[PDB]
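Residue numbers (the UniProt record's numbering), protein chains in the order written: chain A, 6 to 218, 228 to 335; chain B, 6 to 218, 228 to 335; chain C, 6 to 218, 228 to 335; chain D, 6 to 218, 228 to 335; chain E, 6 to 218, 228 to 335; chain F, 6 to 218, 228 to 335. Here is the structure we will look at.
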Ligand SMILES: [K+]
Ligand SMILES: [K+]
Ligand SMILES: [K+]
Ligand SMILES: [K+]
Ligand SMILES: [K+]
Ligand SMILES: [K+]
Ligand SMILES: [Mg+2]
Ligand SMILES: [Mg+2]
Ligand SMILES: [Mg+2]
Ligand SMILES: [Mg+2]
Ligand SMILES: [Mg+2]
Ligand SMILES: [Mg+2]
Ligand SMILES: [Zn+2]
Ligand SMILES: [Zn+2]
Ligand SMILES: [Zn+2]
Ligand SMILES: [Zn+2]
Ligand SMILES: [Zn+2]
Ligand SMILES: [Zn+2]
C-alpha cells in the first residue's frame, strides 16, 4: 500500500536468518509427501531403472521391506504402479480387475503389514492393454469413453475390495469420477477416497515412466489453462475427494489457479521425467542436492497440498535432519 | 463445484490419519514463534508474576541463561519488555532513550552472546512515564501525538545503536512509523526492521501486563474492523517491514482481513490475559495442555506469519517431539 | 484512498466518546444472545458445575422458574442440553427419540409456559450412547454415517413433535441436514428451523462440557479453514436456515469467512472451555468483568448474527443497564 | 449455496419474533443520530418553520434548554445551522468568520454547558452571502472555487477556535477539504474532525431549507453515481475523517456504494424535504408514525454510520422504549 | 486513479449544460414506466382517493377511455389492481380465479382494445380474502404456504387465459414462482412472463393502498439486505422473467445490490405512500414539481429497468415535452 | 441464479415490443453525440470529401450556418478539425498556436453565436507540420516527445484564450495531459476541460482522414489491450476530465474495459474509415440505414458516455422522430 523505497526496503527482512524464518510464506513437511513405487511380480526381484537413477522396481516382498523405512520416516502414503507381465496384457484389459493382479496383491499385503499407511492405487487400463492406451479401442483405434469407464469401475471396485483407502483414476475419460463414485457408494465402499487426475496433460515429461513399467484425444493440450478449471470443476461435482495436476513443475501455474479457484485438496505429480532431469543434473555436478527441496517447496508455494514424488524418501530424510 | 452428498462425503478425508495429514491446510512450526520476556534491573533475580502463572521476570544474567535453551529450541526471536524501576520514571519519559537503560543493556548482552537470535525492542513510553500512558501528557491529561513521537524516535534510535534488529512501536500514535523510519534511515540504520503494532485495541485482555511490568483516545475500539485496515495501510506506506494485531485470539478475524487485504508479513500478539486465562484453566484441570498448540495453530490458520506468545518455550518443546 | 498522516490522523475520531460512538462499526444487543442450559431429570434439582463457575444444571421445574428472568431480560432463545441418566444410555441411542426423554419433556414444558421463547434442541446421539460418540458404531468402532442419520432423523422428529421451533444437529455426519429437512417436510413440520453445526471442530476447548453433561473422523481438524466453506455450502444446499461455527473465539476467522462467502444467518458457540477460561480469570482478578462484553462484541465484529453463550444472562443484564 | 424450495423456505426464520430477532441484519441505535438545529440571533425566541412541521428555529438560550433533553436521550451530536440576520449578509461573506457570529456563540455556549456533546458546525458561505450561493461570485455570477475556499478556511478556523469538535464543509468546492485540513493542522487544531459533504446533489429535496434558514455548477447531477465515488476518494485523500451523502433516502444506492468502496465512516443527511414529506403524510393520517424508524433503519441497512435527521429526538424517544 | 486537486477539479464537467449532458450517467425514458391502476366493478365509476391526490379508481369503461391517453404517451404497460366488492371476499379466496372477476374482465377488455399495451396482473389473495392476508389461514391464523400456492396457481392461470402477457405474484409465499411457472408451462402458456415480487418488505409505506382498494411471517424485515439476494436468487432459479423490489425509494440500496449481483431485469415499485408523500409536499408548495423526475431518475441510477409508479402519466407528459 | 430451460425461456421478454422496451439495457440519446467538422480557411466555400461521402469541409461562415441546425437538433458539442493551407505548415508547427489560425477563429465565432454549444478543439501538430507527424521531428526523423509537448501546450493555451470549453490532445505524446493541465491552471483557465485521446491506436481505419484534412512509435499497437488501461490511468492521474478511445467500433472491447476499470467519463471516436465503410455500404444498397443507430447503440452498450461521429446529424434527426 504505497510502499516506496527507501521507506520500504525489501532487503530488511532478508538481512538475517531469523527474520527470513519469521516471514517465510511456505514450508515443506513429510505430511506433504506421497511416494510412487513400481511393483513387480515374483519374489526377490529388484530392478534398477536406467532413466531414473536411484529408483528401483520392487517385487512385493521387497516392497514390504523397503516400506519399513518409509513408514519410519513418516511418509503418509504410497502410490502403487504395477508392472504388468507382457503376457497378461489383452484387448479387454481384464487383468486390471483381477483380484490376484499385482496391484491387488500388493495392496492386501501392505494394508495388513502397515495399517496406518495410505495406499493409493492407479485406476487406468494402460498397463493392461496390449496397445498401451488408457482405455478400450474401437475399430478406428479411438479410445472409447464409456466402454472404458465400465472396465475402470470394475478395477476401482477390485482395489477397494483389496483394502485401498484411495483409488486414483489417471485415465482421463470424461465422467469417470462420477461413475466410479456411484459404484463405490452402491457397493458400500463409503469412505474410499477418489483422487482424480483432473488436469493430466499430454506431455513429453513422461518419457522415463515407460522404462519403469492417440493420447491427444484424452489427455490435455499443454497450451491450455482455462480448460483445466473446467476439468477440475466436473471432478469435484462428480465426487472427487482430492484433485491432481500432472505433470508438476511444468504446470505450477495450473496448480496455482486450481487451488485459488476451488479451495479443495489439490495434489501434483512430479513425474518420471522431472525426477530424471533433476537427478541427471545432480549426478553430473550441475545442480546441488538442495535443488530437491527447492523443487518440492515450489509445489507448496504454488498451492499443492501434497506431492507425488520419487524424491519422497530422500526428501523425508533431509527434512528429519 | 456442485459438491453434493453422497457423491461428496467430507468425512472420507477425515477417515484416516494419513489423509488428514495430506489435506491439513496449516501447520505451526518453531519458525513462527516470538518469545516475549520481562526484564529486571538487577543481578541473579527472578520474580514470579501472580497473574501469569509460570512466567518470570528475569534479570539480564538470568535472561542469558534461559536464552541458551530458547536458542537451542530454535526460537527465532525475543521481544524484550523492561520493568523500569519506579525511581527512573518521569513526565518526560527520558529513561526510554537512556543508553544504559534495561532494554538497551539487555539488547547489547544478547546480540553479543547469541548473534543469530532476533531481538525485538519495545518502542513506547508507558514503562517510562510516571502515569503509565504510552505518550507524553499535556496539561489536561491528553496524550499528545507529535510530542510523543519525538521521544519515541530517540528511544528507537537508542535501540538501533544497542544493536536491535527490530524495533516495535507499541504506542498507537498517529504517524510514528514514518517518523521512526525516517530517523533510522537518516542515521544509517538501513536494515533495522520496524514491526508496527498497527491494529492495537483498547482491550480488557491486557489485565495481567500491568502486574507484569486515556487509552481509548489512541488504542482502537474493539467494535471496529474496517478501521484496522486503514491503520495497517498507513503503517505499510510509512515503511513498516511487519505489521501486528494485538490482542490476538479475540481478534482472529482482524488477522484474517489484514493478511487477505495486504499480503504483507503479519504478526499477532497473544497477550498476557490470553495466556493467563489458558494457563489458569489448564492448571485447574479444566482444559488439556493440547489447547496451547490449538490456540497457536488458530493464529496460523487466520493468516499470521508469526506469533508473540508467552507459551513459546512450551510450544517449541512440544513441536520438537 | 491515499490517506496519509498528518492529513489523516486516525486518532481524531477516537478523541471523544461522541465521535467513537458515531463511528462504532458493531453493536451487541440482547437480540443476539442464545442461552445454553443443562437440564436434569427429576424435581427440585440444581447442580453447580465446578469447571463452569456460575452455571447450574437444572431440573425442568427449576428451569421454568429461571426462564422467567431470562424472558424478562429479552433473551430470544434457549438451547437445551439434556443430562441423560447413565442407565438410559445404550448402543442404539433410543433414548434420543423417547417422547418422554428430558429434552422432549423440557421442550413441551417451555413451549406451553413461554410461547414466544425460542427453543433450540440438540440433535445428536452422544448424550445417549454408552460410548459417547455422536453416532452409532460399527464392529471396528467407527461412527457409521448413514445408520446414525436414521436415528438423528427420529430424534429431530421427536423434537418437532414436542414443539421445538429449531432443531440443531451437532453430530457432524455428512448429509444429515438434508435427511432431517426431508423428514421434517414429509411430516408436515414445514416451519421447524434447522440450525446446522456446519463447521464444528475437534477441539480441546470442550473440556468442561463433559462435566456439565474417534472424533477426528467426523469433527474438523483445527488447522483447516477452506474446508469449513465446503461444509457450510453443503448445509445451505441441504436446507439449513442457520449455520453455526463451534468453538467460537478460537475460530473467529472462520466466522468471518463464512459470513463473507455466503451472506447467510451465521451463528457461533462460545463453548464451555471459553466460558471457563474467562470466568476463572475474572474470579482471580486477572481480567475485569468488561471482558465479557468484549468477548461477545468480537463475535458480532467477526460477522455472527447470534451467539450461544453461557454468559447470556449476565450480558443481557449489563446491556439493559 | 444451491438453496432451493422446499428444502429452503425463507419464511421459516420469519415464522416467530424470536427468530426474526436472531437473524435481523441491522439495527438503529441512539449512537447513530445527529440532530440538525436552526439557530436564531436573539433571546427567548422560537420560530415555527411552515415547510417543516414540528421543527423550530431556536435562540441560543432556547437551544441550551432543549439540548438538556437531547443529551439525556443520549444523542451524540448536533449539527448547527445559523439563521443569519439579513443585515449581516454581504458579497464577501465576512460574517462567516465573525467570532461573535451565531454559530460561534452557539458553539461556545454548548461546549461549556455540555462538554461531552458533539458540535458539528457548517462550513459554507450560503447563509452569509447576499445572493445565497455557497461561494463568492465573480462578475458573471459564477461561483469562484479557490477564492471561496479562502473564506471557507477562515470560517472553519473560527469554528475550531470556538471549540467545535467537527467542522462540516457543505459547499462542494473542489479541493476545500485539503485546504481546510492544512489550515487546521498549521494552527494546531490537530483533533478537529472534518466531516466532508462529499456527494452533495443538486436536488429538489432541499425545498424547505431555504424557508428554514448556479447550483448545478457545483452540486452533483442526480443522474450520477460513479462520480460520487470519485468525490469521496478525493475527500478521503485530502484528510476527511468522515464523508457524507446528501440528500439521503433518494440516494441510498450512493450510500451503499460509498460504504462498500471505501469502508470509511459514512454519514447521510435526511434533508428538510425528506422530513417535510414524511411529517406531512403522518399528520394527514396517510402514513403511520412507524415510518420514521423504518426510514432511519434504511440508512443503517444501506451502510450509513450516522444520520443527520430532524427526527432525531422523536427517534431517540422511541428507541428508549 | 491518483486523481488529485487541482489537476482534477470535478467542477469542470459541471461548468456548462453541454458537458453535464455528455457525462450524465443515467436517463429516464417512457420505456421505463409502468402505470398501476385501481379498477372498480360497474359502469361509469370514478373515485378520488383522498390519500393519493390525483389518482382515481376507475370502472373498466373509464379505464379504456383513460388508456387512450396512456398509450398515446407511449407508456409500455399497466399493472392492474382490482377493487373487490366486499361481498365477494371469502375464506377460500375463490373470486381470485373467477373468469368474470374484475381483473380478468379488465384484462380481456384492454387486450382487445390495445393489443400492444402490456398488461401485468396481480397474483395474490389479499384482495379476495375476508381477512386481507395474502394467503389462506390455518386454524392458528397463520398464512399457509403451500395451500395458498394452489390458489395462486389457479389465479395466475385465469389471468393467462384472459390474455395477460405478465402475471406478477405479490404474495411472498415461498416457492410460488416455480409452482406458477410449472403450471403455465403445463397449460401451454409458454410466453406468459412472471414478474416476481422478490424482495417485498413489511412496510409502513403501504398506508394509502388500503384506501385505494401477520405480514411479518411472509413479507421481509426492513432491516435485512443480504436476505433479499437469497430471495431473488430463488425466484430466478424458479423461472421468473423479471424481479421486483417493493417498496422503492426507501430500498434503493436493495435495487442496487440486486442489479449488481444478478444482472437480470430488475423492477421497483414506488408505492402508494411514496406517491402520497411526494404529492402532499408538492401541493403544499414544499417541493417543486421537478422532484417527480428526480425520484424516478433515482430508480434508474440505482439499477432499475422499470418502475411501477402512480406518477407515470405526468412523468410521460414531462418527458415528451 | 440456476436459470434453466424451460422454467427460464429468454424469449418471453422478447415476445412483445412492450417487454423488449421494459428490459432494454441501453439507449442512445442526442446528449451522447459529438459532431466532428473539418473547417476551411476561406469564405462561402465547401468541399466534398471523396473518401467520406456526405461529409463536407466548411468555411467558417458555412459552419455557422450548419451549426444553427445542429444546435436546434440538440447536439451538445462539436469537435473542430482545421484544414491548414499548405503555405502555413512548417517544421516548428507554429501555426498551431496562431491566434488567428482557423481553429481559433472558428472557436471565437461559434462561442459568440452559440454560447451554450460545446467546442472541443484538437490539440496536435499533425495539421501544422510539413511532414504530418503529430509532433516535432529530430534529425533522424523520430517524433520528439517533450519538445512536442512544449508546442502542444502553447496550442492548448491559444484555444483556451479563444474560448474553447474543451481541448482534446490527439497527439499520443507521453505526459502531455499533465503538462497541458499545469499550463491551463497556471494561466487561470480553471474550467477548461481536457479530453485526452488516451488509447489511440496505429490503425488502418484512419485512411480517409488524410484526404479530409513513424506512427507506431507513439500510437498504440492494435494487438494490445492491457496497455490501454495503463494509458488511461496515467491520463486520469495527470488531470484529464474525459478519456477517449480511437478508433471506435474495432476497439469496443477497449471501451468496455476502460469504463469498467476506471468508471470515468469515457468517449469513443467512430473515425473516418468507420464512417466511410458504413456510408459506402448504405449507398451501394448493401446495408440498411438502420445500421447507423445500431453502430452508435453499440458504443453505449460497450460503456461510452459520448461518441464523436460523422453521423451525428443523421442520428440526431432519427432520434428526434
Ligand atoms: K514463519
Ligand atoms: K499436507
Ligand atoms: K453509530
Ligand atoms: K440479532
Ligand atoms: K450522455
Ligand atoms: K426500459
Ligand atoms: Mg475430466
Ligand atoms: Mg496508526
Ligand atoms: Mg457437514
Ligand atoms: Mg469534492
Ligand atoms: Mg421468495
Ligand atoms: Mg499516454
Ligand atoms: Zn493410463
Ligand atoms: Zn505503551
Ligand atoms: Zn454429539
Ligand atoms: Zn451552502
Ligand atoms: Zn397480497
Ligand atoms: Zn495528430
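Note that beta-carbon positions come from the ideal geometry of N, C-alpha and C, so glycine has one too.
Residues of chain E with CB closer than 7 Å to the CB of residue i, please, in chain order.
i                      : result
residue 200 of chain D : In chain order: nothing, as chain E lies at least about 18 Å away.
Relative to ligand 7, is the shortest distance from any of its heavy atoms to the C-beta of residue i smaller than 7 Å?
i                      : result
residue 245 of chain A : yes
For a test of the three-state rule: what should DSSP assign to residue i, helix, strand or coil?
i                      : result
residue 94 of chain E  : coil
residue 123 of chain B : strand
residue 284 of chain D : strand
residue 203 of chain D : strand
residue 51 of chain F  : strand
residue 178 of chain F : coil
I want to check one thing, is the minimum distance from the CB of residue i to the heavy atoms of ligand 3 below 7 Å?
i                      : result
residue 21 of chain B  : no
residue 319 of chain D : yes
Which residues in chain D have a C-beta closer than 7 Å to the C-beta of residue i? List them in chain order.
i                      : result
residue 195 of chain F : 150
Against residue i, what residues of chain C qualify as contacts under a CB-to-CB distance less than 7 Å, listed in chain order?
i                      : result
residue 277 of chain A : 240 and 243
Can residue i be considered in contact with ligand 14, in the sense that its beta carbon sits closer than 7 Å to one or more heavy atoms?
i                      : result
residue 129 of chain B : yes
With a threshold of 7 Å, establish whether the CB of residue i neighbours any heavy atom of ligand 2.
i                     : result
residue 79 of chain A : no
Using a Cβ cut-off of 8 Å, pull out every chain E residue sitting near residue i, in sequence order please.
i                     : result
residue 40 of chain F : None at all; the shortest Cβ gap to chain E is about 12 Å.
Strictly below 9 Å CB to CB, what residues from chain B border residue i?
i                     : result
residue 18 of chain A : 198, 255, 256 and 279
Should residue i be listed as close to ligand 5, given that the test is whether its C-beta is under 7 Å from any heavy atom?
i                      : result
residue 220 of chain F : For residue 220 of chain F, nothing is modelled; it lies in the interval where chain F passes from 218 to 228 with no residues in between.
What residues of chain B sit near residue i, judged by a beta carbon separation below 7 Å?
i                    : result
residue 7 of chain D : 7
Does any heavy atom of ligand 6 sit closer than 7 Å to the C-beta of residue i?
i                      : result
residue 122 of chain E : no
Can you tell me whether residue i sits near ligand 16, meaning its C-beta is under 7 Å from at least one heavy atom of the ligand?
i                      : result
residue 176 of chain D : yes
Cβ contact check for the region 118–130 of chain D and the region 167–175 of chain D: 3 or more pairs under 8 Å: Because the criterion of three Cβ pairs below 8 Å is met, the region 118–130 of chain D and the region 167–175 of chain D touch.
Assess contact between the region 301–311 of chain E and the region 22–29 of chain F, defined as three or more Cβ pairs (one per stretch) separated by less than 8 Å. Is contact present? no
Do three or more CB pairs link the region 195–205 of chain D to the region 272–286 of chain E at distances below 8 Å? no
Count the CB pairs spanning the region 203–210 of chain E and the region 246–260 of chain E that are closer than 8 Å, and state whether there are at least three. yes
The region 43–54 of chain F contacting the region 81–101 of chain F, beta-carbon criterion three pairs below 8 Å: yes
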